[PDB]
> 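Here it is: the structure, laid out below.
First the proteins, then the strands, lettered A, B, ... as listed; each starts at 1.
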Protein chains: 2
Amino acid sequence: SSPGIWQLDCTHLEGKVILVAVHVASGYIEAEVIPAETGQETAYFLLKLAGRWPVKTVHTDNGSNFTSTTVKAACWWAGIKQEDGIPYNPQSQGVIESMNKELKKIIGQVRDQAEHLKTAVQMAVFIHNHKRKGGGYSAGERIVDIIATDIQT
Amino acid sequence: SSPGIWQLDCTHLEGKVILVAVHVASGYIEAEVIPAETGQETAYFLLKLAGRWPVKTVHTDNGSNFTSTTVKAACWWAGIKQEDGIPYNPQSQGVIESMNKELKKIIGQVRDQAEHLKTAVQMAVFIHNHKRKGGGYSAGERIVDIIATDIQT
Ligand SMILES: O=C(O)CCc1ccc2c(c1)OCO2
Ligand SMILES: O=C(O)CCc1ccc2c(c1)OCO2
(Lines give C-alpha, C1' and ligand atoms only; values in the text may rest on other atoms or scores of the structure.)
(Ligands and ions follow the chains in the order given, each with its own letter.)
Protein backbone atom coordinates (compact mmCIF):
# COMPACT_ATOMS: atom_id res chain seq x y z
CA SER A 1 0.00 0.00 0.00
CA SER A 2 2.99 2.29 0.29
CA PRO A 3 3.63 5.25 -2.12
CA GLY A 4 6.48 3.44 -4.04
CA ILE A 5 4.90 0.03 -4.81
CA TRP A 6 4.15 -0.93 -8.37
CA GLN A 7 2.94 -4.15 -10.01
CA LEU A 8 3.91 -5.33 -13.45
CA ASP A 9 1.14 -6.91 -15.54
CA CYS A 10 1.58 -8.35 -19.04
CA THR A 11 -1.51 -8.90 -21.22
CA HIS A 12 -2.01 -9.93 -24.88
CA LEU A 13 -4.01 -8.44 -27.75
CA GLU A 14 -3.81 -8.70 -31.58
CA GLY A 15 -0.83 -11.11 -31.23
CA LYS A 16 1.17 -8.46 -29.37
CA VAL A 17 2.07 -7.77 -25.82
CA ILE A 18 0.95 -4.90 -23.66
CA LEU A 19 3.21 -4.34 -20.60
CA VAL A 20 1.46 -2.45 -17.77
CA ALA A 21 2.89 -1.05 -14.53
CA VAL A 22 0.19 -0.33 -11.96
CA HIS A 23 0.71 1.88 -8.99
CA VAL A 24 -0.95 -0.46 -6.50
CA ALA A 25 -2.26 2.16 -4.06
CA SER A 26 -3.88 4.41 -6.73
CA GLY A 27 -4.76 2.22 -9.78
CA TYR A 28 -2.64 4.66 -11.94
CA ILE A 29 -0.96 2.93 -14.86
CA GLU A 30 1.69 3.33 -17.55
CA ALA A 31 1.74 0.88 -20.42
CA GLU A 32 3.58 0.07 -23.60
CA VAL A 33 3.13 -2.22 -26.59
CA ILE A 34 6.10 -4.57 -27.25
CA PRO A 35 6.58 -7.33 -29.78
CA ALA A 36 7.12 -9.80 -26.91
CA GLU A 37 7.99 -9.81 -23.19
CA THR A 38 11.74 -10.20 -22.97
CA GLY A 39 13.97 -9.25 -20.01
CA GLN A 40 15.42 -6.41 -22.11
CA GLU A 41 12.07 -4.83 -22.82
CA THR A 42 10.91 -5.26 -19.25
CA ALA A 43 14.18 -3.71 -18.00
CA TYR A 44 13.83 -0.75 -20.32
CA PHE A 45 10.21 -0.22 -19.34
CA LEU A 46 11.10 -0.18 -15.59
CA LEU A 47 13.91 2.23 -16.22
CA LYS A 48 11.47 4.53 -17.98
CA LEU A 49 8.96 4.18 -15.22
CA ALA A 50 11.50 4.86 -12.42
CA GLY A 51 12.75 8.02 -14.11
CA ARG A 52 9.20 9.33 -14.05
CA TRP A 53 7.77 8.22 -10.62
CA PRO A 54 9.51 7.28 -7.36
CA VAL A 55 9.42 3.54 -7.84
CA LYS A 56 10.70 1.82 -4.66
CA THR A 57 9.32 -1.70 -5.08
CA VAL A 58 8.17 -3.62 -8.12
CA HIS A 59 6.17 -6.83 -7.97
CA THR A 60 7.38 -8.57 -11.07
CA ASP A 61 4.74 -10.22 -13.23
CA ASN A 62 6.38 -13.72 -13.71
CA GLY A 63 9.44 -15.64 -12.64
CA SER A 64 11.19 -15.16 -15.95
CA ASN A 65 11.33 -11.36 -15.43
CA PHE A 66 12.07 -12.00 -11.69
CA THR A 67 15.09 -14.09 -12.78
CA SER A 68 16.21 -12.03 -15.74
CA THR A 69 19.71 -10.57 -15.25
CA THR A 70 18.79 -7.59 -17.43
CA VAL A 71 15.71 -6.86 -15.28
CA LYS A 72 17.85 -7.20 -12.14
CA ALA A 73 20.44 -4.85 -13.70
CA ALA A 74 17.79 -2.18 -14.36
CA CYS A 75 16.31 -2.58 -10.86
CA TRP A 76 19.81 -2.21 -9.37
CA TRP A 77 20.53 0.83 -11.64
CA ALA A 78 17.27 2.55 -10.79
CA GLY A 79 17.22 1.76 -6.99
CA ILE A 80 14.23 -0.56 -7.23
CA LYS A 81 13.63 -3.51 -4.98
CA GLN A 82 12.46 -6.34 -7.13
CA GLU A 83 9.85 -8.58 -5.52
CA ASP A 84 7.91 -11.57 -6.76
CA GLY A 85 4.26 -10.83 -7.71
CA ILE A 86 2.80 -13.78 -5.80
CA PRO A 87 -0.73 -12.77 -4.70
CA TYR A 88 -0.53 -13.78 -1.05
CA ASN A 89 -3.87 -11.98 -0.80
CA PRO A 90 -5.98 -13.54 -3.67
CA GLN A 91 -8.19 -10.54 -4.55
CA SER A 92 -4.99 -8.86 -5.93
CA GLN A 93 -5.15 -11.14 -9.00
CA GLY A 94 -8.86 -10.51 -9.70
CA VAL A 95 -8.11 -6.75 -9.57
CA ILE A 96 -5.45 -7.21 -12.32
CA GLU A 97 -7.66 -9.48 -14.52
CA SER A 98 -10.42 -6.86 -14.17
CA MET A 99 -8.05 -4.03 -15.23
CA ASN A 100 -6.85 -6.07 -18.25
CA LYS A 101 -10.49 -6.60 -19.26
CA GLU A 102 -11.24 -2.86 -18.68
CA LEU A 103 -8.24 -1.79 -20.73
CA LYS A 104 -8.98 -4.09 -23.61
CA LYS A 105 -12.55 -2.76 -23.64
CA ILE A 106 -11.24 0.80 -23.88
CA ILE A 107 -8.82 -0.28 -26.52
CA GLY A 108 -11.85 -1.68 -28.38
CA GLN A 109 -13.78 1.55 -27.98
CA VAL A 110 -10.92 3.69 -29.45
CA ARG A 111 -9.50 1.10 -31.82
CA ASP A 112 -11.07 2.86 -34.81
CA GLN A 113 -9.53 6.27 -33.98
CA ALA A 114 -6.00 4.86 -33.91
CA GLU A 115 -4.05 3.46 -36.83
CA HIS A 116 -1.55 1.51 -34.58
CA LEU A 117 -2.41 -0.53 -31.53
CA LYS A 118 0.26 1.42 -29.57
CA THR A 119 -1.83 4.59 -30.00
CA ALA A 120 -5.00 2.90 -28.88
CA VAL A 121 -3.15 1.63 -25.77
CA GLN A 122 -2.00 5.15 -24.88
CA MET A 123 -5.56 6.43 -25.38
CA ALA A 124 -6.67 3.67 -22.95
CA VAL A 125 -3.93 4.72 -20.41
CA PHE A 126 -5.24 8.21 -20.75
CA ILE A 127 -8.95 7.28 -20.23
CA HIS A 128 -8.01 4.92 -17.36
CA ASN A 129 -5.90 7.45 -15.48
CA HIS A 130 -8.40 10.29 -15.85
CA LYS A 131 -11.57 8.33 -14.99
CA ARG A 132 -13.27 9.68 -11.84
CA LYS A 133 -13.99 6.73 -9.60
CA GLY A 134 -17.15 6.62 -7.45
CA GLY A 135 -16.51 14.05 -5.50
CA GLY A 136 -14.62 10.82 -6.50
CA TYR A 137 -10.94 11.07 -7.47
CA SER A 138 -9.17 9.81 -10.64
CA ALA A 139 -6.19 7.39 -10.36
CA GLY A 140 -4.10 10.33 -11.61
CA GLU A 141 -5.28 12.42 -8.68
CA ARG A 142 -4.75 9.63 -6.25
CA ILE A 143 -1.16 8.83 -7.19
CA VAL A 144 -0.17 12.47 -7.00
CA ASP A 145 -1.85 12.95 -3.57
CA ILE A 146 -0.28 9.67 -2.19
CA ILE A 147 3.24 10.71 -3.24
CA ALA A 148 2.84 14.34 -2.19
CA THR A 149 1.65 13.23 1.30
CA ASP A 150 4.60 10.83 1.43
CA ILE A 151 7.04 13.66 0.51
CA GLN A 152 5.89 15.55 3.71
CA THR A 153 7.70 14.05 5.88
CA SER B 1 -2.14 27.21 -15.15
CA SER B 2 1.44 26.81 -14.31
CA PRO B 3 0.66 23.36 -12.95
CA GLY B 4 -0.47 22.22 -16.47
CA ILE B 5 2.14 24.02 -18.66
CA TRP B 6 4.65 21.99 -20.60
CA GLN B 7 7.26 22.94 -23.17
CA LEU B 8 8.44 20.69 -26.01
CA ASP B 9 12.19 20.74 -26.88
CA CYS B 10 13.86 18.73 -29.63
CA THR B 11 17.69 18.21 -29.50
CA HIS B 12 20.04 16.00 -31.63
CA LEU B 13 22.68 13.50 -30.65
CA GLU B 14 24.43 10.77 -32.67
CA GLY B 15 22.38 11.61 -35.76
CA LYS B 16 19.20 10.89 -33.76
CA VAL B 17 16.54 13.10 -32.29
CA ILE B 18 15.76 13.34 -28.57
CA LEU B 19 12.22 14.74 -28.01
CA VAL B 20 11.80 16.32 -24.55
CA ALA B 21 8.73 17.63 -22.68
CA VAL B 22 9.60 19.92 -19.75
CA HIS B 23 7.16 20.76 -17.02
CA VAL B 24 7.94 24.46 -16.93
CA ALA B 25 7.25 25.18 -13.27
CA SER B 26 9.28 22.22 -11.91
CA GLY B 27 11.98 21.33 -14.48
CA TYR B 28 10.70 17.73 -14.53
CA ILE B 29 11.06 16.09 -17.91
CA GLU B 30 9.98 13.11 -19.99
CA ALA B 31 12.02 12.29 -23.16
CA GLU B 32 12.23 9.84 -25.99
CA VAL B 33 14.59 9.01 -28.84
CA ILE B 34 12.92 9.07 -32.31
CA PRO B 35 14.43 8.58 -35.76
CA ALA B 36 13.24 12.08 -36.69
CA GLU B 37 10.80 14.72 -35.54
CA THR B 38 7.63 14.22 -37.55
CA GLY B 39 4.13 15.31 -36.59
CA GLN B 40 3.15 11.67 -35.97
CA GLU B 41 5.94 11.11 -33.49
CA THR B 42 5.33 14.37 -31.74
CA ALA B 43 1.61 13.58 -31.61
CA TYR B 44 2.22 10.17 -30.11
CA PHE B 45 4.64 11.57 -27.54
CA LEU B 46 2.11 14.20 -26.43
CA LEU B 47 -0.62 11.54 -26.13
CA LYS B 48 1.67 9.49 -23.94
CA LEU B 49 2.61 12.50 -21.82
CA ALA B 50 -1.07 13.62 -21.31
CA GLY B 51 -2.13 10.10 -20.24
CA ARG B 52 0.53 10.37 -17.48
CA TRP B 53 0.39 13.97 -16.21
CA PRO B 54 -2.41 16.52 -16.41
CA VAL B 55 -1.17 18.43 -19.42
CA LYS B 56 -3.25 21.53 -20.07
CA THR B 57 -1.02 23.64 -22.28
CA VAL B 58 1.91 22.74 -24.44
CA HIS B 59 4.35 25.17 -25.89
CA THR B 60 5.21 23.51 -29.15
CA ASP B 61 8.90 23.50 -30.12
CA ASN B 62 8.69 24.78 -33.77
CA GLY B 63 6.10 25.92 -36.25
CA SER B 64 6.04 22.62 -38.10
CA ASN B 65 4.71 20.77 -35.07
CA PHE B 66 2.50 23.82 -34.30
CA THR B 67 0.97 23.44 -37.80
CA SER B 68 0.92 19.64 -37.97
CA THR B 69 -2.59 18.14 -38.44
CA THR B 70 -1.59 15.05 -36.50
CA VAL B 71 -0.20 17.14 -33.62
CA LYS B 72 -3.42 19.18 -33.62
CA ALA B 73 -5.47 15.93 -33.61
CA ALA B 74 -3.56 14.60 -30.56
CA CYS B 75 -3.91 17.88 -28.73
CA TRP B 76 -7.65 17.90 -29.45
CA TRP B 77 -7.97 14.19 -28.37
CA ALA B 78 -6.04 14.65 -25.12
CA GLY B 79 -7.62 18.04 -24.18
CA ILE B 80 -4.40 20.01 -24.66
CA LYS B 81 -4.28 23.64 -25.63
CA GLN B 82 -1.43 23.99 -28.18
CA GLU B 83 0.51 27.25 -28.05
CA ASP B 84 3.56 28.48 -29.88
CA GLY B 85 6.83 28.29 -27.89
CA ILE B 86 8.11 31.78 -28.70
CA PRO B 87 10.47 32.99 -25.93
CA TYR B 88 8.29 35.96 -24.97
CA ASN B 89 10.45 35.64 -21.90
CA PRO B 90 14.02 35.38 -23.37
CA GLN B 91 15.58 33.63 -20.34
CA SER B 92 13.15 30.73 -21.17
CA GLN B 93 15.34 29.96 -24.23
CA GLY B 94 18.69 29.91 -22.43
CA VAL B 95 17.08 27.71 -19.73
CA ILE B 96 16.32 25.09 -22.45
CA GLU B 97 19.79 25.32 -24.10
CA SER B 98 21.28 24.71 -20.66
CA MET B 99 19.05 21.66 -20.02
CA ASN B 100 19.96 20.26 -23.45
CA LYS B 101 23.66 20.66 -22.63
CA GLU B 102 23.06 19.16 -19.15
CA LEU B 103 21.09 16.16 -20.58
CA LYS B 104 23.83 15.61 -23.13
CA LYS B 105 26.49 15.68 -20.43
CA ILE B 106 24.58 12.98 -18.45
CA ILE B 107 24.10 11.01 -21.60
CA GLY B 108 27.88 11.08 -22.10
CA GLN B 109 28.49 10.06 -18.48
CA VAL B 110 26.22 6.94 -18.75
CA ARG B 111 26.65 6.20 -22.47
CA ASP B 112 28.99 3.28 -21.69
CA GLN B 113 26.56 1.57 -19.29
CA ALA B 114 23.95 1.39 -22.09
CA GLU B 115 24.01 -0.53 -25.40
CA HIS B 116 21.40 1.88 -27.07
CA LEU B 117 21.04 5.63 -27.09
CA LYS B 118 17.39 5.23 -25.86
CA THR B 119 18.64 3.63 -22.63
CA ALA B 120 21.19 6.38 -21.92
CA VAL B 121 18.46 8.97 -22.53
CA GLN B 122 16.16 7.27 -20.00
CA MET B 123 19.05 7.11 -17.50
CA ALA B 124 19.52 10.85 -18.06
CA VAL B 125 15.79 11.46 -17.52
CA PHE B 126 16.07 9.54 -14.27
CA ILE B 127 19.21 11.39 -13.03
CA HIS B 128 17.62 14.76 -14.08
CA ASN B 129 14.32 14.21 -12.31
CA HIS B 130 15.91 12.88 -9.10
CA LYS B 131 18.69 15.47 -8.76
CA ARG B 132 18.27 17.60 -5.59
CA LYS B 133 18.84 21.24 -6.40
CA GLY B 134 19.75 21.44 -3.75
CA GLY B 135 16.75 21.04 2.15
CA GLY B 136 16.78 21.18 -1.71
CA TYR B 137 13.94 19.54 -3.72
CA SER B 138 14.16 17.41 -6.92
CA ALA B 139 12.20 18.23 -10.10
CA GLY B 140 10.19 15.04 -9.40
CA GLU B 141 9.28 16.40 -5.94
CA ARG B 142 8.39 19.81 -7.34
CA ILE B 143 6.02 18.54 -10.01
CA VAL B 144 4.18 16.32 -7.58
CA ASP B 145 3.87 19.21 -5.03
CA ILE B 146 2.74 21.65 -7.70
CA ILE B 147 0.00 19.36 -8.99
CA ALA B 148 -1.08 18.17 -5.51
CA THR B 149 -1.46 21.83 -4.40
CA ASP B 150 -3.49 22.48 -7.54
CA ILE B 151 -5.80 19.44 -6.94
CA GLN B 152 -6.46 20.92 -3.43
CA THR B 153 -8.06 24.17 -4.74
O1 LIG C 1 11.31 11.52 -4.22
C2 LIG C 1 10.15 11.01 -3.99
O3 LIG C 1 9.78 10.08 -3.23
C4 LIG C 1 8.92 11.52 -4.72
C5 LIG C 1 9.53 12.52 -5.70
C6 LIG C 1 9.50 12.12 -7.15
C7 LIG C 1 8.38 12.27 -7.96
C8 LIG C 1 8.49 11.91 -9.30
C9 LIG C 1 9.72 11.41 -9.75
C10 LIG C 1 10.80 11.27 -8.92
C11 LIG C 1 10.72 11.63 -7.61
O12 LIG C 1 11.91 10.79 -9.57
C13 LIG C 1 11.50 11.02 -10.91
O14 LIG C 1 10.09 10.98 -11.04
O1 LIG D 1 -6.37 15.76 -12.55
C2 LIG D 1 -5.43 16.58 -12.24
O3 LIG D 1 -5.37 17.84 -12.28
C4 LIG D 1 -4.09 16.05 -11.75
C5 LIG D 1 -4.44 14.60 -11.62
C6 LIG D 1 -3.75 13.75 -12.61
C7 LIG D 1 -2.44 13.31 -12.33
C8 LIG D 1 -1.83 12.47 -13.25
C9 LIG D 1 -2.57 12.15 -14.39
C10 LIG D 1 -3.83 12.60 -14.63
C11 LIG D 1 -4.48 13.41 -13.75
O12 LIG D 1 -4.35 12.14 -15.81
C13 LIG D 1 -3.16 11.61 -16.38
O14 LIG D 1 -2.16 11.33 -15.42
Side-chain angles (χ1 to χ4, degrees), chain A residues 3 21 23 28-33 40-41 43-55 70 73-74 76-80 103 106 110 113-116 118-131 137-153, chain B residues 3 21 23 28-33 40-41 43-55 70 73-74 76-80 103 106 110 113-131 137-152:
Chain A
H23 180 259
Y28 170 96
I29 63 161
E30 300 220 9
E32 288 308 337
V33 175
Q40 291 194 228
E41 293 293 344
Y44 180 70
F45 174 84
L46 297 171
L47 173 62
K48 285 187 299 189
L49 176 68
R52 282 159 182 70
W53 291 100
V55 180
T70 301
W76 166 79
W77 195 94
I80 296 170
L103 281 172
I106 295 156
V110 302
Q113 309 167 46
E115 208 205 317
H116 311 307
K118 68 189 203 163
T119 291
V121 160
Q122 304 307 321
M123 288 174 171
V125 168
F126 180 107
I127 287 165
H128 173 93
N129 286 339
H130 289 258
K131 175 153 186 218
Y137 293 134
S138 65
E141 290 170 336
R142 290 187 307 260
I143 182 179
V144 159
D145 296 326
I146 289 155
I147 289 150
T149 304
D150 189 63
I151 292 154
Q152 3 278 329
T153 133
Chain B
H23 183 258
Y28 165 99
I29 61 167
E30 298 223 9
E32 294 298 346
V33 177
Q40 293 194 220
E41 290 294 351
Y44 181 67
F45 177 82
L46 293 174
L47 175 65
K48 280 176 322 182
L49 187 68
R52 289 158 179 68
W53 287 103
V55 176
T70 306
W76 167 78
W77 199 92
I80 296 166
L103 287 171
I106 302 153
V110 304
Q113 304 171 46
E115 290 180 30
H116 298 127
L117 180 58
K118 63 206 268 262
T119 298
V121 162
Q122 303 304 325
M123 284 173 176
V125 164
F126 180 108
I127 286 166
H128 173 96
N129 286 339
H130 283 87
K131 189 156 187 222
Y137 294 95
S138 69
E141 294 176 328
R142 302 182 299 261
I143 185 181
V144 167
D145 291 346
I146 289 153
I147 292 152
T149 304
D150 194 63
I151 295 156
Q152 14 281 27

> Who wins among B:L47, B:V125, B:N129 for the most heavy-atom pairs under 4.5 Å with chain A?
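Most heavy-atom pairs within the cutoff with chain A belong to B:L47.
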> When heavy-atom pairs shorter than 4.5 Å are enumerated against chain B, which of A:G140, A:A50, A:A73 gives the highest number?
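Maximum pair count with chain B is reached by A:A50.
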> Check this for me: B:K118, atom NZ, are more than 12 non-hydrogen atoms of other residues, nucleotides or ligands nearer than 6.0 Å?
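Result for NZ/B:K118: enclosed.
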> Which residue pairs pass the salt bridge (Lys or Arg N to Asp or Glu O under 4.0 Å) test with at least one member in residues 138-153 of chain A, sequence neighbours excluded?
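For residues 138-153 of chain A: A:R132-A:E141.
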> Taking side chain as C-beta onward, heavy atoms only, is B:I80 less than 4.5 Å from B:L49?
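Sidechains of B:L49 and B:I80: no contact.
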> Less than 4.5 Å to any heavy atom of chain A: does that hold for the side chain of B:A78, its backbone, both, or neither?
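When you check distances to chain A, atoms from both the backbone and side chain of B:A78 fall under 4.5 Å.
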> Can you say whether A:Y137 sits under 4.5 Å from chain B via the side chain, the backbone, both, or neither, judging by heavy atoms?
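It is neither, since no heavy atom gets under 4.5 Å.
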> Below 4.5 Å, heavy-atom pairs only: which of B:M123, B:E30, B:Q113 has the largest tally toward chain A?
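Winner by heavy-atom pair count: B:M123.
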> What part of B:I151 gets within 4.5 angstrom of chain A, counting heavy atoms only: side chain, backbone, both, or neither?
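For B:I151, the side chain is the part near chain A, not the backbone.
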> Can you tell me which of B:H128, B:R52, B:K48, B:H130 forms the most heavy-atom pairs within a distance under 4.5 Å of chain A?
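Heavy-atom pairs under 4.5 Å are most numerous for B:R52.
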> So do the side chains of B:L46 and B:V55 get within less than 4.5 Å of each other, counting heavy atoms only?
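They are not in side-chain contact.
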> Do A:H116 and A:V33 have side chains that approach each other closer than 4.5 Å (heavy atoms only, starting at C-beta)?
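A:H116 vs A:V33: side chains apart.
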> Is A:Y44 close to A:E32 at the side-chain level, that is, under 4.5 Å between some pair of heavy atoms?
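They are not in side-chain contact.
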